[PDB]
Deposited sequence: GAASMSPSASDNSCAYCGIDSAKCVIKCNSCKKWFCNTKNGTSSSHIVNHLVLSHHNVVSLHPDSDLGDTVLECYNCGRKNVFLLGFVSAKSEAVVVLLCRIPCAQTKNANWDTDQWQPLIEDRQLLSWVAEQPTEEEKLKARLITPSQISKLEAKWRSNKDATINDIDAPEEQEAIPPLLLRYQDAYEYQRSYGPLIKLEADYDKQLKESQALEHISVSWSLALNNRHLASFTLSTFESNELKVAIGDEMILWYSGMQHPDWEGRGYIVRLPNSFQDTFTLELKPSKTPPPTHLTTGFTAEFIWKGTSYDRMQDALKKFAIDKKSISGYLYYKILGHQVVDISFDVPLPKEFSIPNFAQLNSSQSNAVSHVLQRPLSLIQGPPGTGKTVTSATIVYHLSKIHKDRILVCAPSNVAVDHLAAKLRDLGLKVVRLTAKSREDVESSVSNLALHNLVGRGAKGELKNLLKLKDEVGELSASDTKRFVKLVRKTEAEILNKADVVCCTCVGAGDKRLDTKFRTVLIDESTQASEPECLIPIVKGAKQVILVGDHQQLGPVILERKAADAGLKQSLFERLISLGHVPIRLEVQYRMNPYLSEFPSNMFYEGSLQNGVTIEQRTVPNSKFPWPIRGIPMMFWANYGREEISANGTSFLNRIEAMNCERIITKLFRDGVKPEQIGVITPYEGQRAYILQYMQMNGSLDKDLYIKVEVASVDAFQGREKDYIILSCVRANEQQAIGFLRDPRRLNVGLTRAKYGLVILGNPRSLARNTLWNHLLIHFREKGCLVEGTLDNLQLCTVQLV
């Protein structure tokens, strides 16, 4: 009954985690969070109960209303425990709701701090000891490489360099994002004659393992795939096994989502292909990637009279010369600050390569939304685009769903396949014989569609999909600077002859969880290495996206003031606006909010209720000013804030709820390459320690400031952001303009925080 970390034993201090049955105290000791919070965050556990002798007795904390038991959701209204959402928005006194977890530790009346005397039971413990102890419990419940080179002799040395780095990341991801009760199962038989288990971050097809250990039956394990998801029941279709399923058992089952390292697996396969598949890549590109010296090549290619496409953007001379130069090179690097038309230029290039060679082109980006964006532009130019989406996201809403391979299969299909599709939709099921027949026909149809496409669009990793068992001679990777080198390698090692890489090293880099891998240089993109090796990139420096006032800070802070404006204040102003900008003629403002951050539902992210609230007020205000939902974008660094802002407006939106769902809400990272007329930036971070996490990255702020065309509102807490040098420069820049404000939207005042 003592804290499994340090040994504190006070009945008023310890908390039981219901999952593993271990006890933890509520003290911050060698840990940024209290020990109980630290355990929940790392282990992904949610449910806790107080000590019997505590001031509240043996009680499992749960919501009075719906009865959920995730502490990261729980708060109290005065007392009554209620979920953050939806229970705390529904109308005792909702407006005074406060979370049980405050400043990364439970409230004192839920779990006290130890007296000095009680603290004596606490053994000296380092952060290291605590960290390794959690890692150890992953398996057992117990107690307390050649460096990246400038030049590679050959592909095998290349592989032995990046390979172990990939594995490090993979192992750390698995240990970090793996998942984890008392499940009641109802059994049935699927038409295909497989066993179905129904019970109780998920998608149909996901592999799971179901197992039982207890006093009703010998140990049993079973693997299967998700075939139905909560509208309230989940349904897992089990694989055929030698040992029959215990269909007579109902309770005491455990289920576990199986971690897939698919992304890392495909990076390794690309590395191996590069070393081993002789048709995987051209000679020029091969040695280029190796870091060798190669004589520059030109393609014998007929140029068009005009590079710009009618009824679309008219390229400036730099963009035009760029497309002219690229059409004849095996390798091209397009570089430039935000909004310089890198993507429009790329779309033009793809368009022209298509007409000249009439040959399939592979188009990629690290993120899904960047892929969609580019696919849309290409479709607008009248190209036959096929968007290959991950199996995981086939049910995800998209702006280019009509281009998705799976939707193309359904549409414009006939005969036996048409029958099997209608049958599967109306019945919801297929027999064994019809399933094998269905799979054969779909593959045949998929191949035929992919083969006749002018362009195939997918994420870099998605390029490693098995459906793409064919050669792609020309590859364009947009936002390539967001990808690690092996990730970029995936689409390039498919018989590539001509490659175009677009990027900006001042915008977001790849996410490397493992610090040793990042230290070893896994953060360096292919785009960057090729440049540091002497490859001269085409540079674009005239920006066409945003009002000149919005480009000022980013230009001076990240691009040595080299970023020019191609559009004017008059081109980026709204003659009839009545939106309460602080200063006439300047469409930006930093609205200081003095809320505090909260830990999100999955225990690993953040949200900010006050910032979310004022976000709804900004949007509603814009609505009143006649600004349309499609013209507004909300970006935030944290997935926790993204989820909350979305749900919150669906409950508290002043106007028609349907208006608010059409307002895009995304993460900063996810939104790179995209733009909106109006942007709301929610910074989220606000705590006593003035810690701001990965907001320290200049490249994340850069992206956050460069999404808007007409207007930008920044919501944030200066008290904590100001400790950071970069953010301090931003606040000061806004203060100098008269745009740093506080108070209520309808009566904004100059911010009073003291900036030095």
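J.: Where does the structure fail to cover the deposited sequence at the C-alpha level?
T.: 1-11, 90-95, 109-111, 165-176, 213-214, 235-243, 275-277 are the stretches of the deposited chain that have no C-alpha coordinates in the structure.
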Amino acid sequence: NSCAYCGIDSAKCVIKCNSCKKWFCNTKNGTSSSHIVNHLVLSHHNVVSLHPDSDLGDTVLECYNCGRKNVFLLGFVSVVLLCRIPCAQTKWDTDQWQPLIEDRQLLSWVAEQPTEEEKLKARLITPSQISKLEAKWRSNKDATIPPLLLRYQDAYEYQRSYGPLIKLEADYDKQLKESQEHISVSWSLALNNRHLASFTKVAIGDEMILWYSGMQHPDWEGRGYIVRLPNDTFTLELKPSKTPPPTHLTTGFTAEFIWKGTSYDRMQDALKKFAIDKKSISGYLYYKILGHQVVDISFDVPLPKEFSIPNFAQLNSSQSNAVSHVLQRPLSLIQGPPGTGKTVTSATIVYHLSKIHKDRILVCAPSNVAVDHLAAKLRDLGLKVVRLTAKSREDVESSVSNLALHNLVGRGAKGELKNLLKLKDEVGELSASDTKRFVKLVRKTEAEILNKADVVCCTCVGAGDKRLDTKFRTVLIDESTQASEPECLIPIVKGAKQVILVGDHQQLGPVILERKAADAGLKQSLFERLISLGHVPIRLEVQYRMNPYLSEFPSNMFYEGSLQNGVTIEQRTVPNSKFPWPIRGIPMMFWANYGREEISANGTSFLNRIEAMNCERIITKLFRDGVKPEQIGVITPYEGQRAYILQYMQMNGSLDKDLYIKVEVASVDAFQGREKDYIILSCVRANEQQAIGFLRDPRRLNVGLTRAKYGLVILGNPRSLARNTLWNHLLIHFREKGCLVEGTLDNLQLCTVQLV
From here on, numbers count along this sequence of modelled residues.
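J.: If you average the CA temperature factors as listed in the entry, which stretch comes out higher, 31-39 or 705-713?
T.: The stretch with the larger average C-alpha B-factor is 31-39.
J.: Taking the mean of the C-alpha B-factors per stretch from the entry, tell me the winner out of 451-459 and 182-190.
T.: Result: 182-190.
J.: Out of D625, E429, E157, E630, which one has a C-alpha B factor higher than all the others in the entry?
T.: Spelled out: the listed residue with the top C-alpha B-factor is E429.
J.: Can you tell me which of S139, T345, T262, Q647 has the highest Cα temperature factor in the record?
T.: In the PDB entry, the greatest C-alpha B-factor among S139, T345, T262, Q647 is found at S139.
J.: Going by the CA temperature factor in the PDB record, which third of the chain does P698 belong to: lowest, middle or highest?
T.: According to the entry, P698 has a C-alpha B-factor in the chain's lowest third.
J.: Please rank the C-alpha B-factors of the chain's modelled residues and tell me whether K662 sits in the lowest, middle or highest third.
T.: CA B-factor rank for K662: lowest third.
J.: Lowest, middle or highest third: which one holds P582 when the chain's residues are ordered by CA B-factor from the entry?
T.: For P582, the deposited C-alpha B-factor lands in the middle third.
J.: Please place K21 in the lowest, middle or highest third of its chain by C-alpha B factor as given in the entry.
T.: Answer is highest: the recorded C-alpha B-factor places it there.
J.: Considering every modelled residue of the chain and its Cα B-factor in the PDB entry, is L388 in the lowest, middle or highest third?
T.: As the PDB entry reports it, the C-alpha B-factor of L388 lands in the middle third of its chain.
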